[PDB]
Amino acid sequence: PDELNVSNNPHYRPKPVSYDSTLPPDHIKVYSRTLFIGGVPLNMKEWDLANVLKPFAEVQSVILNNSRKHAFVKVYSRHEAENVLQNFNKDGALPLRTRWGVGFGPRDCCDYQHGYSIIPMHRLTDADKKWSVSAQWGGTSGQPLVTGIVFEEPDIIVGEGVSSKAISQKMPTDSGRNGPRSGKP
């Protein structure tokens, strides 16, 4: 007899927008708040944010989005991450508003601490599927971003402005003093 193999397994292929186990090391923001860069004095030049994360740091990706100076950068080491927050958050003359964070890929988060709290890991769903997969194409699988976002909720960017400001007008006061008057001989 012979111990011949009779197993069958097809080649690996892309996954639907629900598989948090095929994410690339680039162009991803699921469960990662990454190194945020705010208040950039620059005219949105991603090569100058690397020009200040060149020394004592290991940044290898920079992105600048929105007309409100919102940027994120990706580093290949968490020790060079803390070297950026060292200089750019403790030199007393911060040229950039640097903040960082990481998610451990939450599980069974069926709690009200994830039902009455906002998180950036849902603005990736409605802002990349609307503005890159809902302009001249149908949503879901209209772009290669279906291998990272892994969120497929029916929610889209919808809302209206609200104001609750209250003010009151005031004016200075005016007073005079006129003492008594008496005649004379």
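- The record lists solution NMR as the method behind this PDB entry.

1. Here we look at the pattern of salt bridges
In a structure, side chains of opposite charge can pair up when their charged atoms sit close to one another.
Logical step 1: Applying the stated criterion to the full structure yields two salt bridges.
Logical step 2: Here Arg78 and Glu82 are joined by a salt bridge, their closest N and O atoms 2.8 Å apart. Of this pair, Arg78 and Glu82 both sit in helix α2 (residues 78-90), four residues apart, which is roughly one turn of the helix.
Logical step 3: As a salt-bridge pair, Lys129 and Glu152 come within 3.0 Å of each other at their nearest N and O atoms. Here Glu152 lies in the segment after α3 (123-130) and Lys129 lies in helix α3, a separation of 23 residues in the sequence.
Logical step 4: A relative accessible area of 13% places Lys129 in the buried class.

2. Re the pairing of strand β2 (residues 59-65)
Logical step 1: Bridging between β2 and strand β3 (residues 70-75) involves six bridges; their strand directions are antiparallel. For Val62, the partnering residue across the bridge sits in β3 and is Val73.
Logical step 2: Linking β2 to β3, which pair antiparallel, is a turn of four residues; within it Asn66 sits at a positive phi near 65 degrees.

3. Looking at α2
Helical geometry: 3.6 residues make up each α-helical turn, so side chains three or four residues apart lie on a common side.
Logical step 1: For α2, with 13 residues, the first-to-last C-alpha span of 17 Å sits near the 18 Å given by 1.5 Å per residue.
Logical step 2: With a side-chain oxygen lying 3.2 Å from the backbone nitrogen of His79, the N-terminal cap of α2 falls on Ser77.
Logical step 3: Looking one or two residues beyond α2, the residue adopting positive phi is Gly92, at roughly 65 degrees.

4. Some words on the sheet that holds strand β4 (residues 97-101)
Logical step 1: An order of β2-β3-β1-β4 is seen for the four strands of this open sheet, with the pairing classed as antiparallel. Both edges of this open sheet fall to β2 and β4, since each of them pairs with a single strand only. Neighbour-to-neighbour, the strand axes of the sheet open up by a mean angle of 25 degrees, direction not taken into account.
Logical step 2: Across four bridges, the pairing between strand β1 (residues 34-38) and β3 is antiparallel. Bridge pairing links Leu35 to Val73 in β3.
Logical step 3: Lying over the sheet, α2 contacts β1, β3 and β4, oriented at roughly 150 degrees with respect to β4.

Parameters and conventions
Residues numbered from 1 in each chain as written, not as in the entry; some residues may be left out. Heavy atoms only, no water. Salt bridge = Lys/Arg side-chain N within 4 Å of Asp/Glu carboxyl O. Helix = DSSP H or I, 4+ residues; strand = E, 2+ residues; numbered from the N terminus. Buried < 20%, exposed > 50% of the residue type's maximum accessible area, 1.4 Å probe, protein only. Pairing = 2+ DSSP bridges. Expected span 1.5 Å × (residues − 1). Polar contact = N/O pair within 3.5 Å; in protein donor to acceptor, adjacent residues only side chain to side chain. Axes fitted to C-alpha atoms, helices over the stretch in contact; angles between N-to-C directions. Contact = heavy atoms within 4.5 Å.

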